[PDB]
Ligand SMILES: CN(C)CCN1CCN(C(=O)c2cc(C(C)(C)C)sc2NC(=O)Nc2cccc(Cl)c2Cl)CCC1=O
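Given next, in structure tokens, is a single chain: the form solved without the named molecule.
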């Protein structure tokens, strides 16, 4: 066990191992400090979880987040550098700290402040799909892909972060970026969703890098649905059968029918191979969207695709999600995962 030291920063007590130095508050879910990790030489983000065990729902969310971060080992996905508690026993266990690489710019800063060549768009979208092939191979769904959740450095290298741990109703209301990248079947709860919702988000992101503009900036759920159906067309009877709510099906049939638009006249001047890929991502029926593994072999990525360097993930057991436990049982499972952590090479 390392030696810990205590300090009060911005009305918060931080008790951390000696290896972490020069702590400086950055953000505030949890509270975050930047620090220098003397063991590895990296600048890191240290997150102290807020009330991780106050309720059954919060205790299970803490466990879910720690299990997810411990599993992710891929160049294009955020991973876990360390996790610790100052507790010496389960009986005194109360606080959890997570340590990751400190991130700087996100894709928003690049998308709004940079002139992207088509070569930049190829490389950035390739890396998102390479990380998604890995995530999806473990039967994990990200659920919240958007420019603010994508870290990018000066060399145009990209990491996916901030997995959806199950956002609220006020958060998705009105003219807000938290909803502009969501697939229509999850935005309006049309059906049980799956990993195909992430490919819809990649299409919205790719379109925005090509044009510099948000693809579907709706002022509310219904305005956003109208923008989507104007581009991709209103649904046929085949997809209508797959929507469970009769009211939702009735609402769809209240709208005048519209054909899918010509994407070369929407994305004027774009690489014809980029136009072709967008048509294969932005498909209303989620059964028919291209998958991440299939998209990596598309000719748009010919310069970067390497089928011997696009790895899949170890199996991930999520049976805990259907389990009913008490607060102290979720807390004990979390404690076991903290003490069993083994750092990366």
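Residue numbers count along the first chain shown, from 1. Each form is matched to the other, and the largest set of C-alpha atoms that superpose within 1.5 Å is called the rigid core.
Across the other entries compared, at least a third leave residue 165 without coordinates even though the residues on each side are present.
For residue 175, the fraction of other compared entries lacking coordinates, among those that model flanking residues, reaches at least a third.
Coordinates are given for every deposited residue between residue 256 and residue 257; the gap count there is zero. According to the PDB entry, the deposited sequence contains 1 to 3 residues between residue 28 and residue 29 that lack coordinates.
Just going by the entry, 203-211 versus 100-108 on mean CA temperature factor gives the higher value to 100-108. Stretches 6-14 and 325-333 differ in mean CA B factor, with 6-14 having the higher one. Among 74, 136, 249, 146, the highest C-alpha B-factor in the deposited entry belongs to 249. Residue-level inspection of the entry shows that, of 283, 57, 312, 45, 57 has the top Cα B-factor. When all modelled residues of the chain are sorted by CA temperature factor, residue 193 is found within the highest third. Placement of the Cα temperature factor of residue 225 within the chain: lowest third of the modelled residues, per the deposited record. When the modelled residues of the chain are ordered by C-alpha B-factor, residue 174 sits in the middle third. In the PDB entry, a CA B factor belonging to the middle third of its chain's modelled residues is recorded for residue 84.
In the PDB entry, residue 304 places in the middle third of its chain by CA B-factor.
As for the form solved in complex with the named molecule, it is not shown, yet the points below apply to it.
For the named molecule, fitted onto this chain by superposing the C-alphas round its site in the entry with it bound, the count of atoms within 2.4 Å of backbone or C-beta atoms is 3 or more, giving a blocked pocket. Remark: residue 293 does not count among the residues lining the named molecule in the entry with it bound, judged by a heavy atom distance of 4.5 Å or less. Residue 77 belongs to the set of residues with a heavy atom inside 4.5 Å of the named molecule in the entry with it bound. Under a 4.5 angstroms non-hydrogen atom cutoff, the named molecule in the entry with it bound has residue 100 among its neighbouring residues.
Among residues of the shown chain, residue 125 is not one whose heavy atoms approach the named molecule to within 4.5 Å in the entry with it bound. The candidate spot formed by 202, 297 and 310 lies out of contact with the named molecule in the entry with it bound, as no residue has a heavy atom within 4.5 Å of it. Contact annotation for 50-80: residues with any non-hydrogen atom within 4.5 angstroms of the named molecule in the entry with it bound are 61, 64, 65, 68, 69, 72, 77, 78, listed in sequence order. After superposition on the rigid core, the single residue among 245, 211, 114, 271 whose C-alpha moves by 2 Å or more between the shown form and the other one is 245.
For residue 41, the Cα coordinates differ by 2 angstroms or more between the shown form and the other one after the core has been superposed.
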